[PDB]
């Protein structure tokens, strides 16, 4: 499949923020701090929430995002996590990893913290929604997850990269776990076949903290259109 880079749905360093403190083509909100080499979507303070969404909807039948990020904290346990979104409407504020609830599309959630106490976190969790489901914060999305994997994305020597691909109605998540500088060292995490999501949507990224707190940094969000 032939991939085209779509700058208008993308951001990255080294000149990420412009001088008025804004990210070109994207709206940020909540606690998000855009610097120039990254956006700290939610910093390591108690009870933060922040987000970054595209200004316009993208109308791609098939696509890929390459999202590079760090989730960093002093402890062996942190919270809450980081979400990557494709959704019919922007979800700038809310209780779901800092973004809005009852969304219509898909969220890929990097869930640092084990609310359901099943010792199966940090974890990466795919959650579809039609505008009627409340994310179940207290069960780490367990009964709502289409697919998932356990992957410790915290406190890594090199940045973590998620590659998220929607091709021919299947959604694949591949993760480079940040153990090495090789940026192509991806491993399979999860896949959802025969998945139907809106034909147009915003791309988004959000994060939040609770009583525990990591810094959630996103270095780049690169969006590609496929054929």
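Numbering follows the first chain given and starts at 1.
In this entry, the higher average B-factor at the C-alpha atoms falls on 138-146, of the pair 72-80 and 138-146. The deposited model assigns a higher average Cα B-factor to 193-201 than to the other stretch when 193-201 and 30-38 are compared. Within the listed group 219, 16, 207, 213, the record reports its top CA B-factor for 16. Each of 120, 112, 155, 104 has a CA temperature factor in the record; the biggest one is found at 120. Placement of the Cα temperature factor of residue 54 within the chain: lowest third of the modelled residues, per the deposited record. Ranked within its chain, residue 96 lands in the lowest third, by CA B factor from the PDB record. Annotation for residue 159: C-alpha temperature factor in the lowest third relative to the rest of the modelled chain, per the entry. Per-chain ranking of the deposited C-alpha B factor places residue 178 in the middle third. Looking at the C-alpha B-factors along this chain, the one for residue 172 belongs to the middle third.
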